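Novice: Handing you a structure now.
We place every Cβ from the backbone using ideal geometry, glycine too, and count neighbours over all the protein chains shown. Every number in this text was worked out from the coordinates using simple rules, so none of it is lab data.
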Amino acid sequence: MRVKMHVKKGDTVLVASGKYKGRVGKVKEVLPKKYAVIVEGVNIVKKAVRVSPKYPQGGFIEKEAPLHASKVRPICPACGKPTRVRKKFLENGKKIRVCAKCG
Amino acid sequence: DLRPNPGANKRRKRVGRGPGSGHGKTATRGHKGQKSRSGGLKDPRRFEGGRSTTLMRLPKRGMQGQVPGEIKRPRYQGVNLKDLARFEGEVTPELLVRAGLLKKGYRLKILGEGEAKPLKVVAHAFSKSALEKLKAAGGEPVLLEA
Amino acid sequence: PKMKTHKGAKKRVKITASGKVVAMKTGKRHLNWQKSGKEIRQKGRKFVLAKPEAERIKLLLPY
Amino acid sequence: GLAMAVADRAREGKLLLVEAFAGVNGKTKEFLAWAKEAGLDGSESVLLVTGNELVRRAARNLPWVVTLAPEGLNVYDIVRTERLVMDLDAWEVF
RNA sequence: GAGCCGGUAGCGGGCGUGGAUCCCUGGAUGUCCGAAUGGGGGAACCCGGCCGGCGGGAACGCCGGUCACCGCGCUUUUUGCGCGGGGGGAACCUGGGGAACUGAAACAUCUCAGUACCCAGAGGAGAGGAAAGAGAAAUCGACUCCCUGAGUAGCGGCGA
RNA sequence: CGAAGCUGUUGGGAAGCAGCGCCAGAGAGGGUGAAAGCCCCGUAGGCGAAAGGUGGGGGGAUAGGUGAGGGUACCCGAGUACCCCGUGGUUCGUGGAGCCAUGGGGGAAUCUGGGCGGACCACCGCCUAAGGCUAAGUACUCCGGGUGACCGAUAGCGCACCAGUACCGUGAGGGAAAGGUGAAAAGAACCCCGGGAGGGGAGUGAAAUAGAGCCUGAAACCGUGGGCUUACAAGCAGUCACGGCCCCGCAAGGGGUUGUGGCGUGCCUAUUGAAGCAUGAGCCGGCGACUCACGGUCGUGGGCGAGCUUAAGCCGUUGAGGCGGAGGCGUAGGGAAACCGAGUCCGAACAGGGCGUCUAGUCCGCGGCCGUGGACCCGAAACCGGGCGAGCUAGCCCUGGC
RNA sequence: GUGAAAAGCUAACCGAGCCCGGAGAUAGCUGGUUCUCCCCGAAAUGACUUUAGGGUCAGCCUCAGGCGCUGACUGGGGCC
RNA sequence: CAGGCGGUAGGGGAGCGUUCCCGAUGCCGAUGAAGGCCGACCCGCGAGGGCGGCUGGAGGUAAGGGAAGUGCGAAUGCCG
RNA sequence: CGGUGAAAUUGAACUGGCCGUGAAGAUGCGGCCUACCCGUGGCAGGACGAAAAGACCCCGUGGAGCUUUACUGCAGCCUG
């Protein structure tokens, strides 16, 4: 394969692949595609330790990898990110847009 | 068209074979008291004989088996009429042989049996038969000489 | 593969049109009998009454 | 082969403008626009010979259909199909 | 393009919005073993000539160094460079050496086989190569690979 | 860079469906919580490659190569060819065997000369040896690729798992086994058995006949425990029979088992001749053996059909195609041949005598049936080559010892 | 190769060491077969074989085209 | 309707069971492909084919015919 | 009596005997004779018992060696 998926927090956007509702980003790696952003409620019961809040049983989490989300752009729907010829920044850029030059 | 169960056109049969099985006549060979099945089983090209296969003979036809070459002689080609009395326009080899059928023939010879239109056709050597069928009743030419 | 037919056999025999396995025999090889008397003469050709079949084959490429 | 085959496949509904338009000859949709304005629709299948890159670099994804151009001959797939069209009798081959 | 601390995995602590993460091409590094080549040397463990450099006295060990090699060209007489090159590489080259079993329903010619296989230089190719040719045709016109000719000519205890 | 709807109701969960809206030179393929074009990765395509560097065509191309004829008139790859013997190659094993390198001695000549058209003389022909260099179109593979009616992890690659390891060796050498929880470890919290081990609950958990020799999990081998059998008894044992003896059908019966009675010499390989203590048979699973290439050759649906069939390329083929005549069998035979001819050959022979003529044939797949092939399946002690080889036994060889 | 001797020893086995390959060496040597079913169902002989538990041709079992009353078995009738 | 019918090798007739092909941008398919344990119905003379239940956990390939490393009790076979 | 715990061989069994029969030396076949189930620790008579695929032996136009006034050469000695 290869290292090509998404980006950083900002807002990202939670969805319903069996979960529902939408929220902001958090963190994300590409190797296996795994990452996080609160919401996804999952608890990993710890072992016979204690150092931490105490012995065994874990807590809150998150969990996913592949596709299955979106981005912010209120009212109407959302689009992509075009280019630059003689406008604002030289001939580069792009920070998630509605369909004009914002988000 | 379609794939309207296009089986076949009557008779064929891929009649393959197979290893061993217990059905019908499967499993056997046919022989015994006749040893000959080997890793390089005979082959079997004629083989056997067990009597020089009547090869007690001998060759007499002596004219070959020399070495480098054979006998070198320009082609030897005769003929017959009942082959193309059809078209003529001008009965000459190449136009024939070189066409329809028939192969090279340096020197030309002619005969066959049937009849035809006595018309002049290449003749690097002909037969009396044609003479009459192309004399006071036909047309014949001449040979090479070059 | 190939099967380069055998010259010798072909050095003598022939299939007279009819597919008949016919050819020469063995005998009057310049007397090898002696006796001034008489006989030798007798000679000719002959088919084969069961092998002939076989033969013709190893000469299907050479003819 | 195909001789006797299509004959009966004409009792089916062959035809073949031998060369027909459709539009941009490069925009898939519009080509079909002459599919309907002609009388065809994904069901009884068909094929065709278009010796021009034109409709080739166009017909792109030809499901249920032909989209040829050069010459190789694909009767079989026509079996699973039906109707069709040609590029000149000459293109077929004298 | 904004994630990295090989994977596997943390206790343990660190970096990118002056822009990392990671594939890259030139080239700075890389002990001893490694044809290894100052010398020994059941490699990878081990003693030197000589100049300058370190500590330090000299030393000893630390360093640098530089020092086998033959050959043709070079270089006067032992003088000095130059390269080449030993060494390397799955098939495919060239050459030099070159079997037996097996067939021959025994066996000694013949067979396998110039095969297996050893040794020999080089290239990606290699080998080859331009007529003291072919051959019979008032002819063709370097050499290599395929097309057949032709399994024909022929070789042959004319036996296989 | 790229292309384009969802939706609720149920559903673990929805790639389920209707009502329908959609980009589509681009619906290849890998895929994200149940059989997804409009969804992560792509696929028409056309952007462009460098700094690094960097493999080279085209372009230009640089020093380094490019008139004709006429008579004078000497001059050119030697221990060389050509002899010779032993020769090898050539299809060429001596044979009427030239020419190639010849190992051995001989041993010249240089154009009004010199080699070959396979012996020694005579006519005619193309070439000019004994200097060396020479591309292109040729072979090839660990991998890169692709794909691959390529295998798909007791395969295949020895090998997808840290093997050329464990290991066996002395060298050489030789060689193993061993992939698979799951959408996510989320990998077990906690408390009573408690030697850690190995337990029960609970929880996560769509799923613990889901938890770490855990995927699904059969088979030989295991009894808990159930049901039908049994201590007068003789048997390849199983069968057939009335009968009785526990599940199921209202019924008809369907069952399971067996009493006795009857009935009973198995099984796989060899042969006048078997069941047989003539062999083999651990046991269950699981692997196992004539294609196929090429080549020969009788049939079969066929088409063409005196006529009937083109390799090796070249454009082109996602794919396909293909265009692309040299190569066959016949269209006759027969004859040593010369060569005659529906006819040939022996013979002096018009004659005698054996081989001649509507002989449709011809190529496909399939198949007989063969040729090389090992072509069925493995296997016997050896012969050939090269490597290992006396860290054991040997003999002496050096020197320490007892 | 060695061998105060047999023919012995050479990684315990040595009248010819073992690694590794030249080949499935080879081989008339020995053992192997699993679907249903359905039609004829013969030799254990002859000739010749360094041939004899191998082989050529034959004959009794196979298939197809063709011919077909003529066939196998039978009385008599010549004629051995 | 006469007939035929045991029958080793051999030699015919099919049929059957057994893995890729297109059909496969066609069709079942989680109210299940696939394994299976069971089946004491139906179809197969057989080959088998079914045909439906419970365990079973991710795909399958129609009619058709087009290709075949199989139609394996075993060889003191290979292995586990 | 507690503890740890193989083997080569491995068709399978519900394996008597006599008188007798069948490849001619059976519990397994007759017919006739006995024999309640499982034991232990004893002699092995047979289980042609194991494991060794006869090696004496004949078998292989199968193998290895030595040797002769076999047949053919290498050698190296020789001889112009």
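Novice: For the protein assembly as shown, which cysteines have no second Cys with its Cβ under 4.7 Å from theirs?
Specialist: Result for the protein assembly as shown is A:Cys76, A:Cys102, no neighbouring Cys Cβ within the cutoff.
Novice: What ³J(HN,Hα) values, in whole Hz, does the Karplus curve 6.51 cos²θ - 1.76 cosθ + 1.60 give for the range B:7-16 when θ = phi - 60°, with x put for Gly and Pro?
Specialist: x, 8, 10, 4, 9, 6, 6, 5, 3, x
Novice: In what order do B:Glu115, B:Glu88 fall by count of nearby beta-carbon atoms within 10 Å, going from fewest to most?
Specialist: The order, fewest Cβ neighbours first, is B:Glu115, B:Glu88.
Novice: For the range D:40-55, take each phi angle, set θ = phi - 60°, evaluate the Karplus expression 6.51 cos²θ - 1.76 cosθ + 1.60, and give the result in whole Hz per residue in order, putting x for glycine and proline.
Specialist: Working through the residues one at a time gives 10, 6, x, 5, 8, 6, 6, 8, 4, 10, 10, x, 10, 2, 2, 4 Hz.
Novice: A follow-up question, please. Please compute, for peptide C:51-62, the average count of beta-carbon atoms on other protein chains lying within 10 Å of each residue's beta-carbon. Working shown, then result.
Specialist: On the way: counts 6, 1, 0, 6, 4, 0, 2, 2, 0, 0, 0, 0.
Taking all residues of C:51-62 together, the mean is 2.
Novice: With θ taken as phi - 60° and the coefficients 6.51, -1.76 and 1.60, list the Karplus ³J(HN,Hα) couplings across the range C:46-62 in order, rounded to whole Hz; mark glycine and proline as x.
Specialist: Karplus values, whole Hz, x for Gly and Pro: 5, 5, 9, 8, 3, 8, x, 2, 2, 2, 1, 4, 4, 8, 9, 9, x.
Novice: Another question, then. At a Förster distance of 41 Å, what's the computed FRET efficiency of B:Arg75 paired with C:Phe47, Cβ-Cβ distance as r, to 0.05?
Specialist: With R0 = 41 Å, the Cβ-Cβ based efficiency is 0.80.
Novice: Now a separate question. Per residue, what volume in Å³ does the Cα convex hull of chain A take up?
Specialist: 161
Novice: Here is a further query. If you take all C-alpha pairs in chain D, what percent of them are over 17 Å apart?
Specialist: The proportion of pairs with Cα distances above 17 Å equals 47 percent.
Novice: What is the distance in Å between the Cα centroid of the range A:48-83 and that of the range B:50-112?
Specialist: That distance is 93 Å.
Novice: Which whole number of Å³ per residue matches the convex hull of the alpha-carbon atoms in the range B:1-145?
Specialist: Enclosed volume per residue, from the Cα hull, is 386 Å³.
Novice: Using 20 Å as the cut-off for backbone N distance, which residues of the range C:10-34 belong to the label zone defined by a point 7 Å from the Cα of B:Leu111 along Cα→Cβ?
Specialist: Residues C:16-18 fall inside that zone.
Novice: Exceeding 27 Å between C-alpha atoms, which entries from my cross-link table qualify? They are C:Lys14/C:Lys43; A:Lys88/D:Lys27; A:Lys19/A:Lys94. If you can, show how the numbers build up before the last one.
Specialist: Numbers: C:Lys14/C:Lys43 18 Å; A:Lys88/D:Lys27 35 Å; A:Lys19/A:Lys94 30 Å.
Check vs 27 Å cut-off fails for A:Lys88/D:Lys27; A:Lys19/A:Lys94.
Novice: In addition: So if I take the centroid of the Cα atoms in chain C and the same for the range A:9-42, what is the distance between those two points in Å?
Specialist: 97
Novice: While we're here: Return the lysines within reach of B:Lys32: Cα separation strictly under 20 angstrom, same-chain partners fewer than 8 residues apart disregarded; answer none if there are no such residues.
Specialist: Output for B:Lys32: B:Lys42.
Novice: Another one. At q = 0.17, 0.18, 0.22, 0.26 Å⁻¹, what is the log10 ratio I(q)/I(0) for the range B:1-54, with the Debye formula run over Cα points and no solvent?
Specialist: Results for the range B:1-54 at q = 0.17, 0.18, 0.22, 0.26 Å⁻¹ read -0.88, -0.92, -1.06, -1.16.
Novice: Let me ask something else about it. Take the cross-link list B:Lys103/C:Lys58; A:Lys8/A:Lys34; A:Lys8/A:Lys47; B:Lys35/C:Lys4; A:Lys4/A:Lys26; B:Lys82/B:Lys120 and give me the ones stretching past 24 Å between alpha-carbons.
Specialist: Cα-Cα > 24 Å for B:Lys103/C:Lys58; A:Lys8/A:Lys47; B:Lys35/C:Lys4; rest within.
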